[PDB]
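Remarks on the structure that follows.
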Amino acid sequence: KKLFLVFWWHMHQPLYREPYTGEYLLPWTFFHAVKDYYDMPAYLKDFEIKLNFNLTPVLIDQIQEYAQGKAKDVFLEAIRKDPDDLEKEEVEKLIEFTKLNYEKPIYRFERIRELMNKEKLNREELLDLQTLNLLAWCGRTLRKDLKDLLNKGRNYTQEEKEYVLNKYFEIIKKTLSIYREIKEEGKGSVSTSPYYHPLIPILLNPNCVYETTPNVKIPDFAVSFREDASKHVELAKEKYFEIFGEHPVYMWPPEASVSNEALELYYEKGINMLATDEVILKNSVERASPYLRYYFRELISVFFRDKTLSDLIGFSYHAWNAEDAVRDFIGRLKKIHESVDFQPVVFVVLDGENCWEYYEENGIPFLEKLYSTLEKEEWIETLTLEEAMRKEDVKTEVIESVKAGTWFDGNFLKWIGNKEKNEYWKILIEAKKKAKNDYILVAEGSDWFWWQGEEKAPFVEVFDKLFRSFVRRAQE
Ligand SMILES: OC[C@H]1O[C@H](O[C@H]2[C@H](O)[C@@H](O)[C@@H](O[C@H]3[C@H](O)[C@@H](O)[C@@H](O)O[C@@H]3CO)O[C@@H]2CO)[C@H](O)[C@@H](O)[C@@H]1O
Numbered sequence: 002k003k004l005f006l007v008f009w010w011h012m013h014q015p016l017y018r019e020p021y022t023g024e025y026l027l028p029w030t031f032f033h034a035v036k037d038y039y040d041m042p043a044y045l046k047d048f049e050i051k052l053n054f055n056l057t058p059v060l061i062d063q064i065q066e067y068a069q070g071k072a073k074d075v076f077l078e079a080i081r082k083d084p085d086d087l088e089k090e091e092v093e094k095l096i097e098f099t100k101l102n103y104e105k106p107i108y109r110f111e112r113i114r115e116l117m118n119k120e121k122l123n124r125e126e127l128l129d130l131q132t133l134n135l136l137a138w139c140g141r142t143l144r145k146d147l148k149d150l151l152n153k154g155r156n157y158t159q160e161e162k163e164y165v166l167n168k169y170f171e172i173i174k175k176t177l178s179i180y181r182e183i184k185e186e187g188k189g190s191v192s193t194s195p196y197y198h199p200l201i202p203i204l205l206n207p208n209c210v211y212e213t214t215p216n217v218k219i220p221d222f223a224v225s226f227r228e229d230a231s232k233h234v235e236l237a238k239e240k241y242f243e244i245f246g247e248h249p250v251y252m253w254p255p256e257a258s259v260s261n262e263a264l265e266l267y268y269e270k271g272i273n274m275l276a277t278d279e280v281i282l283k284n285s286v287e288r289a290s291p292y293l294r295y296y297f298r299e300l301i302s303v304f305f306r307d308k309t310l311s312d313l314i315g316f317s318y319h320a321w322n323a324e325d326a327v328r329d330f331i332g333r334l335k336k337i338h339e340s341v342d343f344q345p346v347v348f349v350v351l352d353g354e355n356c357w358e359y360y361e362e363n364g365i366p367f368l369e370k371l372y373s374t375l376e377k378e379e380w381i382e383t384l385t386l387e388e389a390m391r392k393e394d395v396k397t398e399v400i401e402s403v404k405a406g407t408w409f410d411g412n413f414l415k416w417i418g419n420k421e422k423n424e425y426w427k428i429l430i431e432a433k434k435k436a437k438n439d440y441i442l443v444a445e446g447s448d449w450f451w452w453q454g455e456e457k458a459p460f461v462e463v464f465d466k467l468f469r470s471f472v473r474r475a476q477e
């Protein structure tokens, strides 16, 4: 009797490329590429387990632009320059960026503490500020290769900074290749999402928000987004085809969002399996275990992720010591294993790049211990998405209807329903009336609405600038 374990790491960035200047207005794609997008599948070189990945098409587009040397990244330019060449505005961006990231464990360099304590920085001090911002995002592979420079922690030269930059771009250039390789070697499956990561159930039918939040106020959806919902899925299939040579059969629905209409669309588009969230399952059927493979109307296969295990990694374990965290997680798996006669399928699905910066040492002690432990547990079998989809010795059940929702509380309130988020939908609705090109699809991405009308929102003015630029470009 085995427990089947399925990791599915979701990787995504909205488009930071301003359409009129071509400049990347935030560096987050660059920094998550050098820290997470190569290194997460690269664990499979060292550990004999299966790990699965979702890559959104808009993320793939940007990785390609960086790897080709075409990304005009404004924050990265302030890092690369000799400090004597920095504009006053660029120094201010560097300090601002440091300040935002300052409390993250990956920024735990004594020299950063000293630099942010100085009234003004000379050329040598700015060289350190630039280089330590780069090194803070060093991924697992180069933390071993560049170990000597990392332990330096201060006194960086322009030549050392440029050397680190060159190694980082090497990592980016190898990123799509590592995904093809782990896919071809059978170490993992690779999925994609509708192209710009939109909320497909809202595009198909805005009134689906009233399935879970009857009191929410939404704007007048005076235009149809149904054809755009189809286009997101179709263009995603073409982009995945271009990278991997075949059409995708697995998709990750953005925000785990599903509805009856969305499931039908994925089915009509040839998708064979997706996953969603445990809260959706609980809202949709009275009694339902998440350890079964489900069949929606006998049209498409659905797994419901284990929300507890997924949230422990994604939100809890950064606050734990690495060994205790792994012991806790293995112990929960043991309880699941002992709780049923059949062989359960346990889906662990979460963002693949966002939690690690809050762990000690970028989550590397945690993940190395977790994977090293999992690979020697004889009663656990990690599975690719393809293996999970075809596994015969598993329990299954047919479901006829789901209640629309997302993995955030089972509902859509993080993207619609307050004044500021509703203003964005009205802008999109009015723009959709006059849209002339596919930049209207870019503005349909979920990220723009997520940051609107929120308290934190680092660089929300940049996201607002991007959203409104795409909305303006779509009408020309
Ligand atoms: O400056 C704000 C914020 O920007 C960057 O966050 C990006 C994430 O790194 C990226 O993964 C993506 O996050 C979305 C997930 O893919 C998605 O599944 C869901 O959880 O919502 C997220 C937001 O829409 O996009 C965001 C930007 O939208 C940067 O990395 C953060 O550090 C920074 O705080």
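Note that PDB author numbering has the sequence shown beginning at 2, numbered continuously upward.
Positions of the beta carbon are idealized from the N, C-alpha and C atoms, including for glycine.
Worksheet item: Quick one: is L101 buried, meaning 16 or more other Cβ sit within 10 Å of its Cβ, or exposed?
Response: Numbered from 1 along the sequence shown, position 100 holds the residue referred to as residue 101. Around the beta carbon of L101, fewer than 16 other beta carbons sit within 10 angstroms, so the residue counts as exposed.
Worksheet item: Per DSSP, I301 is paired with what?
Response: To locate residue 301, count along the sequence shown from 1; it is residue 300. Paired residues: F297.
Fill in: Reduced DSSP secondary structure (H/G/I, E/B, other) of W9
As a working note, residue 9 is residue 8 in the sequence shown. Here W9 sits in strand by DSSP.
Item to complete: Would you mind giving the Cβ-Cβ distance between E182 and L467, rounded to the nearest angstrom? I have them listed as a contact below 8 Å.
Response: Translated into the one-based positions of the sequence shown, residue 182 becomes position 181. Translated into the one-based positions of the sequence shown, residue 467 becomes position 466. About 33 Å; that fails the 8 Å criterion.
Fill in: Cβ-based burial, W426 [other Cβ within 10 Å; buried from 16]
Sequence index remark: in the sequence shown, residue 426 carries index 425 (1-based). Buried is the call here.
Practice prompt. Please look up how many angstroms separate the CB atoms of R155 and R112, rounded, as I've assumed it's under 8 Å.
Written response: Working through the sequence shown from its first residue, we reach residue 155 at position 154. Working through the sequence shown from its first residue, we reach residue 112 at position 111. Confirmed, Cβ separation roughly 4 Å.
Worksheet item: Among all the DSSP beta bridges, which residues are the ones paired with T193?
Response: Along the sequence shown, read from residue 1 onward, the residue named residue 193 stands at position 192. Paired residues: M252.
Worksheet item: Which partner residues does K73 have in the DSSP bridge list?
Response: For the purposes of this step, residue 73 is taken as residue 72 along the sequence shown, with counting starting at 1. Its beta-bridge partners are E24.
Practice prompt. Keeping to the same chain, check which residues put their C-beta closer than 6 Å to that of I173; ignore five residues upstream and five downstream.
Written response: As a first step, residue 173 is located in the sequence shown; it is residue number 172 there, counting from the start. The beta carbon of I173 sits closer than 6 Å to the beta carbons of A34, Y67, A68 from its chain, once the five residues preceding and following it are set aside; these are given in chain order.
Worksheet item: Does DSSP classify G406 as helix, strand or coil?
Response: Within the sequence shown, the letter at position 405 stands for residue 406. Looking at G406 - three-state DSSP - the assignment turns out to be strand.
Item to complete: Can you tell me which of the three DSSP states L4 falls into?
Response: On the sequence shown, residue 4 is found 3 positions in, with the first residue counted as 1. Here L4 sits in strand by DSSP.
Item to complete: Would you be able to state if there are at least three C-beta pairs under 8 Å between the region 221-228 and the region 182-195?
Response: At 8 Å Cβ cutoff, the stretches do not touch.
Worksheet entry | Of the listed residues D37, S470, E393, nearest to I107 (C-alpha basis) | For the purposes of this step, residue 107 is taken as the residue at position 106 of the sequence shown. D37 is the residue among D37, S470, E393 whose C-alpha sits nearest the C-alpha of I107.
Worksheet item: In chain order, which beta strand (DSSP E) runs of at least 3 residues are fully inside the region 39-122?
Response: Taken in chain order, the complete beta strand (DSSP E) segments of 3 residues or longer contained in the region 39-122 are 53-56.
Worksheet item: For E247, which of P254, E239, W253 has the nearest alpha-carbon?
Response: Reading the sequence shown from its first residue, position 246 is the one you call residue 247. Selected option, being the one with the closest Cα: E239.
Item to complete: Evaluate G70 with the Cβ neighbour count: other Cβ atoms within 10 Å of its Cβ, from every protein chain shown; 16 or more gives buried, anything less gives exposed.
Response: Here residue 70 refers to the residue found at position 69 when the sequence shown is read from its first residue. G70 should be labelled exposed.
Worksheet item: Which whole-angstrom value describes the C-beta separation of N284 and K404, a residue pair presumed to lie in contact below a C-beta threshold of 8 Å?
Response: If you number the sequence shown from 1, residue 284 lands on position 283. If you number the sequence shown from 1, residue 404 lands on position 403. Rounded, the Cβ-Cβ distance is 4 Å, consistent with contact.
Worksheet item: Is it buried or exposed for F31, if we count other Cβ within 10 angstroms and need 16 for buried?
Response: Locating residue 31 in the sequence shown gives position 30, where the first residue counts as 1. Here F31 is buried, its C-beta having at least 16 other C-beta atoms within 10 Å.
Worksheet item: Between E97 and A79, which are expected to be in contact by the criterion C-beta below 8 Å, what is the C-beta distance as a whole number of angstroms?
Response: Residue numbering aside, residue 97 sits at position 96 when the sequence shown is read from its first letter. Residue numbering aside, residue 79 sits at position 78 when the sequence shown is read from its first letter. Not confirmed; about 10 Å, so no contact.
Item to complete: Taking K435 as the reference, give the member of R474, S402, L351 with the closest Cα.
Response: Translated into the one-based positions of the sequence shown, residue 435 becomes position 434. For the residues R474, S402, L351, the minimum Cα distance to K435 belongs to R474.
Discussion item. Quick check: what's the CA-CA separation for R391 versus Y251?
Written reply: Here residue 391 corresponds to residue number 390 of the sequence shown, with the count starting at 1. Here residue 251 corresponds to residue number 250 of the sequence shown, with the count starting at 1. Rounded to the nearest angstrom, the two C-alpha atoms are 13 Å apart.
Discussion item. Relative to the C-alpha of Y440, which candidate in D410, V472, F464, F460 has its C-alpha closest?
Written reply: If you number the sequence shown from 1, residue 440 lands on position 439. Looking at the Cα atoms, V472 is the closest of the given residues.
Discussion item. Could you check if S470 belongs to the surroundings of ligand 3, using beta carbon to heavy atom distance under 7 Å?
Written reply: Ligands in the displayed structure: ligand 1; ligand 3 is not one of them.
Worksheet item: Over what stretch of residues does the beta strand (DSSP E) that includes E382 continue unbroken?
Response: As a working note, residue 382 is residue 381 in the sequence shown. Note, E382: beta strand (DSSP E), 381-383.
Worksheet entry | Own chain residues within Cβ distance below 7 Å of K370, not counting five before or after | Within the sequence shown, the letter at position 369 stands for residue 370. So the list reads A323, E324, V327, once near-sequence residues are dropped.
Discussion item. For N438 and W29, what's the separation of their Cα atoms in angstroms?
Written reply: Taking the sequence shown and counting its residues from 1, the one referred to as residue 438 is at position 437. Taking the sequence shown and counting its residues from 1, the one referred to as residue 29 is at position 28. Spanning the two alpha carbons is a distance of roughly 26 Å.
Discussion item. Considering only their Cβ atoms, is the gap separating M274 from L205 smaller than 8 Å?
Written reply: Along the sequence shown, one-based indexing puts residue 205 at 204. Along the sequence shown, one-based indexing puts residue 274 at 273. Between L205 and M274, the gap from beta carbon to beta carbon reaches 8 Å or more.
Worksheet entry | Distance, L130 Cα to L95 Cα | Taking the first residue of the sequence shown as 1, we reach residue 95 at position 94. Taking the first residue of the sequence shown as 1, we reach residue 130 at position 129. A direct Cα-Cα distance of roughly 8 Å separates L95 from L130.
Worksheet item: Should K46 be labelled buried (16 or more other beta-carbon atoms within 10 Å of its own) or exposed?
Response: Working through the sequence shown from its first residue, we reach residue 46 at position 45. Here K46 is exposed. Its C-beta has fewer than 16 other C-beta atoms within 10 Å.
Discussion item. I'd like the ranges of any beta strand (DSSP E) spanning at least 3 consecutive residues and lying wholly in the region 324-411.
Written reply: Here the runs fully enclosed are 346-352, 381-383, 397-400.
Item to complete: Kindly provide the ranges of any alpha helix (DSSP H) runs that are 4 or more residues long and lie completely inside the region 129-204, ordered along the chain.
Response: Counting whole runs of 4 or more residues, the region 129-204 contains the alpha helix (DSSP H) stretches 141-146, 148-153, 159-174, 176-185.
Worksheet item: Could you check where the beta strand (DSSP E) with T277 kicks off and where it finishes?
Response: Within the sequence shown, the letter at position 276 stands for residue 277. Taken as a continuous stretch (DSSP letters only), the beta strand (DSSP E) holding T277 covers 274-277.
Worksheet item: Can you list, in chain order, the residues of its chain whose CB lies under 7 Å from that of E279, leaving out five sequence neighbours each side?
Response: Within the sequence shown, numbered from 1, the residue matching residue 279 stands at position 278. The answer, listed in chain order, is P291, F305, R306, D307, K308.
Item to complete: Under 8 Å by Cβ, that's how I've got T214 and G353 pegged, so tell me the actual separation to the nearest angstrom.
Response: For the purposes of this step, residue 214 is taken as the residue at position 213 of the sequence shown. For the purposes of this step, residue 353 is taken as the residue at position 352 of the sequence shown. Contact doesn't hold; Cβ gap of about 29 Å is too wide.
Discussion item. Give me, in chain order, the residues of the same chain whose beta-carbon lies closer than 8 Å to that of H233; leave out the 5 immediate sequence neighbours on both sides.
Written reply: As a position in the sequence shown, residue 233 is number 232, starting the count at 1. Apart from the 5 residues on each side of it in sequence, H233 sits with its Cβ closer than 8 Å to the Cβ of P195, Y196, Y197, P199, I201, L204, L442, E445 in its chain, given in chain order.
Worksheet item: For the alpha helix (DSSP H) that contains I428, what are its first and last residues?
Response: The residue you call residue 428 lines up with position 427 of the sequence shown. Start and end: 420-434.
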